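Structure first, commentary second.
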Amino acid sequence: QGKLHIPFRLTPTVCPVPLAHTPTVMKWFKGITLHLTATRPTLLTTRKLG
Amino acid sequence: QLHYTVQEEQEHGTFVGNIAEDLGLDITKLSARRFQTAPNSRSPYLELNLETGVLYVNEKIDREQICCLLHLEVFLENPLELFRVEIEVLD
Amino acid sequence: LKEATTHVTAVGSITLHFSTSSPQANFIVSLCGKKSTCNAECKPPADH
């Protein structure tokens, strides 16, 4: 018989995300060591450029 | 972070504050950067012009329904930025 | 080499910078089209 609107639609916006403490590099022969400080679980990813 | 004031029982469409002027934003590029009211902070008593960036009174102000401060948020693209506006209501 | 062109006077000297991947630096450089051979003994780098 009719249609009613579903209010409160999902719109894009901007919102901040934390920036973790940048690690210290302890580079060595064909390798690096990252000393990581993270009060909360943060995601680290690595990939080779080959 | 923006501080503005309105009077008690103020008429609709009256001036509140120039957001684009106080932020130092250029006037000819609000639409190019997609000036828009943030969906989290929606105020029925306030409305802002997208072209000029000037805040205006939308509905008639009433402390009894409000009570205090009025909170609003705007967001811009390229770069992604967020700004906060707070309005004090006199009695 | 690092540089592509240089301004030359009637007499004198010019300095250039270059990057190599060889343990020795034996290569032909052309200045104004004239060729010359450079001989050296390159050292491994300190930075890992």
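Protein chains in written order, with UniProt numbering: chain A, 571 to 620; chain B, 19 to 85, 91 to 114; chain C, 1136 to 1183.
No residue lacks a Cβ here, since even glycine has one placed at the ideal position from N, Cα and C.
(message) Looking only at its chain, what residues have a beta carbon closer than 6 Å to the beta carbon of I110 (chain B), apart from the 5 residues adjacent to it on each side?
(response) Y22, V24 and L93
(request) Between the Cα of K597 (chain A) and those of A:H605, A:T609 and A:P588, spot the shortest distance and give me the residue it belongs to. (result) A:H605
(request) Could you list which residues in chain B have their beta carbon closer than 8 Å to that of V587 (chain A), in chain order? (result) Within 8 Å of the CB of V587 (chain A), no CB atom of chain B is found; the nearest one sits about 11 Å away.
(request) Could you please give the first and the last residue of the uninterrupted beta strand (DSSP E) stretch that includes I37 (chain B)? (result) Run containing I37 (chain B): none in the beta strand (DSSP E); it sits in the alpha helix (DSSP H), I37 to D40.
(message) Using beta carbons (cut-off 7 Å, strictly below), is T581 (chain A) in contact with chain B?
(response) Answer yes: the Cβ-Cβ gap between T581 (chain A) and chain B drops below 7 Å somewhere.
(request) Tell me whether the beta-carbon of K1137 (chain C) lies closer than 7 Å to the beta-carbon of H1152 (chain C). (result) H1152 (chain C) is positioned such that its CB atom lies closer than 7 Å to that of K1137 (chain C).
(message) Spatial neighbours of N76 (chain B) within its chain, please: C-beta separation below 7 Å, excluding the five flanking residues on both sides.
(response) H30, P62, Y63, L64 and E65
(request) Within 10 angstroms of the Cβ of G71 (chain B), are there 16 or more other Cβ atoms? Answer buried if so, exposed if not. (result) buried
(message) Under DSSP, the beta strand (DSSP E) around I110 (chain B) begins and ends at which residues?
(response) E104 to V112
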